[PDB]
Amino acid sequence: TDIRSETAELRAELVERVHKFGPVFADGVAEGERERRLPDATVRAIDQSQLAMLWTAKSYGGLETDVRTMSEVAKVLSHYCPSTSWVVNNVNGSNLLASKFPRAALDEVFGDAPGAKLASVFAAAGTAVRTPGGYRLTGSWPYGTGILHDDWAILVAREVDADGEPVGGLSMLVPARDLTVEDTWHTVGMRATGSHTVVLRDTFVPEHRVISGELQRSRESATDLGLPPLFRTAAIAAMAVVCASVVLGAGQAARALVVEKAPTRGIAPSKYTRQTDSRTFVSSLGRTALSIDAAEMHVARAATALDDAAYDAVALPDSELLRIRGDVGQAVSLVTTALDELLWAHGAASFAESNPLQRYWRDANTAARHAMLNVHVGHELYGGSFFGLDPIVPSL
């Protein structure tokens, strides 16, 4: 348990860093909401805290943690700024996805930049064609979380021939200098995430920064004893677990806020001048809190399954991954229902622009509908695993 102790010690330290830098992130909430991008101070704090480096390899100066640590960090980050938490989660996840690329690419990205920050969008395909020494890539990729502050982007594309017929799927790593960002992110939640559209036209991408779509989604590294444990982790599932953690954390912040304010407000137009005087209020809050507790456990269970497998160098069977997909959708669904309950508890005041409760409500609800967190898809995937049905998603 020497390593177990070490990993726990680091997690605590990282959680304490979140608390230390949290007032900066909180301070920039108003500007972020207004401008739909993270303020400069927040980006600075992310680079100084090293919170973008949790899933970066030690060989490049990264912290190289595990899923559970990243999850606990994301939950605490959300208390201060759910958008920052979301971006930080996306960066670490993108960096982890980068590890499927060759060493040549990884050196080019992380070699002189321990704090390198990647975007990744699987939400579109662009079209790529072979050229000498690489590919020529054209496309338009929406939902590019944190792309304004990112150094590189992993983009999905379809390879085509001279005729324009489909050849196969690709994953491509392209630098900020080669990208253009189009202002398309106009939403009512997660505004500062800056999930704008990445645009490429006839852009050259060399061969060493391109892998097959099959390789990008591969879980063959699960049993590779040569790799450190983090790079054995099922990456896509891990990313989904930390996205759920962002949502979860916002829900938990919402709960803490309602608890904080309940002794000094009433329930109009009742005789209950203090919320805590109403037993209906108190018992309801207990129930809502237990749903959020359940969501937390679903997330932690999935994180632990992923880490245990990576540490033991075993492959997670499909049934276990299908269950993880169910856990994450179920956790965020539980959180959105609980937020609705917390607004009923708090009252009309919760919708004031000055009240953080509506911020958590809007950010968690927006983020929860991310595709990898879809509750109905998760339900169908987990249910299907009981009978060995063909999954309804292309990769796990």
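Note that residue numbering follows the sequence shown and begins at 1.
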Subject >> Residue stretch of maximal mean CA temperature factor, 142-150 vs 292-300 >> reply: 142-150
Original post:
On average, are the C-alpha B-factors higher in 243-251 or in 261-269?
Top reply: 261-269
Original post:
Looking at 286, 114, 82, 189, which has the biggest Cα B factor in the entry?
Top reply: 114
Original post:
Looking at 75, 323, 196, 130, which has the biggest Cα B factor in the entry?
Top reply: 130
**OP:** Taking the chain's C-alpha temperature factors as the reference, tell me which third residue 231 falls into: lowest, middle or highest.
**Re:** middle
Subject >> Chain-wide C-alpha B factor ranking for residue 87, given as lowest, middle or highest third >> reply: lowest
Subject >> Position of residue 309 among the chain's modelled residues by C-alpha B-factor, lowest, middle or highest third >> reply: middle
**OP:** State the tercile, meaning the lowest, middle or highest third, of residue 337 with respect to the CA B-factors recorded for its chain.
**Re:** lowest
**OP:** Looking at the entry's B-factor column for C-alpha atoms only, identify whether residue 315 ranks in the lowest, middle or highest third of its chain.
**Re:** highest
